[PDB]
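Take a look at the structure set out below.
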Amino acid sequence: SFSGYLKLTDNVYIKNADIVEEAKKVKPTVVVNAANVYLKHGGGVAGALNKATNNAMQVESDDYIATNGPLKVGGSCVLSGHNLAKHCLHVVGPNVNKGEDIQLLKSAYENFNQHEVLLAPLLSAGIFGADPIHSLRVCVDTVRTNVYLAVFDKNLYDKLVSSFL
Ligand SMILES: c1cnc2ncccc2c1
């Protein structure tokens, strides 16, 4: 199971780890992807998860978009987890760098409540442009299910833990 996670709250845990490597090791029921509305997994967590699936995640995502159209910012869809997890929950947090509404971050985290346990990144953090300290705060105040956060950056991980209220 999940190991080496620091407990933040009753249900939120955090570790300095590459979510791809965490996924290959744990093979959780659900890995969360930091998706965009088009499921175009180019960079950040999405690009890394997709590259780990040998592009099978992108092929599956393009078929999903061809059938269903784009997701909403704050929305999600459940697709295969391929070699990483049983399922991948593609969650669209607002991309501040693309001018999207930061108020949608709480709606994005509400998607996690449909799954008992998840391996996840901090939504809207990294190349999405939001303040990761704010994202962790919204996570612990929104998610009620068991969330194991993987923070790739060591220096950001230290900053998140040492500043956690
Ligand atoms: C490999 C490469 N880029 C990453 N970016 C964000 C999170 C995890 C990653 C792993």
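All ligand and atom numbering here is 1-based and tracks the order in the structure. As a basis for the values below, the full set of heavy atoms in this structure was taken, side chains included, without hydrogen atoms, waters or symmetry mates. Numbering of residues begins at 1 and proceeds along the displayed sequence.
A search for side chain to side chain donor-acceptor pair (under 3.5 Å) contacts involving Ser107 returns nothing, not counting sequence neighbours. Evaluation of the side chain to side chain donor-acceptor pair (under 3.5 Å) rule for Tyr148 yields no partner, not counting sequence neighbours.
Contact residues for ligand 1 (protein heavy atom closer than 4.0 angstrom to any ligand atom): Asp18, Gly44, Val45, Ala48, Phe152.
Hydrophobic side-chain contacts under 4.5 Å tie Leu79 into a cluster, directly or through other members, with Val37, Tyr38, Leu39, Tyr64, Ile65, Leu71, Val73, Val92, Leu104.
A donor-acceptor contact under 3.5 angstrom links the side chains of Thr142 and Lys106, judged on distance only. Side-chain contact check for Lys15 and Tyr5: no donor-acceptor pair (N or O, by modelled atom type) lies under 3.5 Å.
When all heavy atoms of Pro94 and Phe128 are compared, the closest pair comes out as O-CD2, 3.8 Å.
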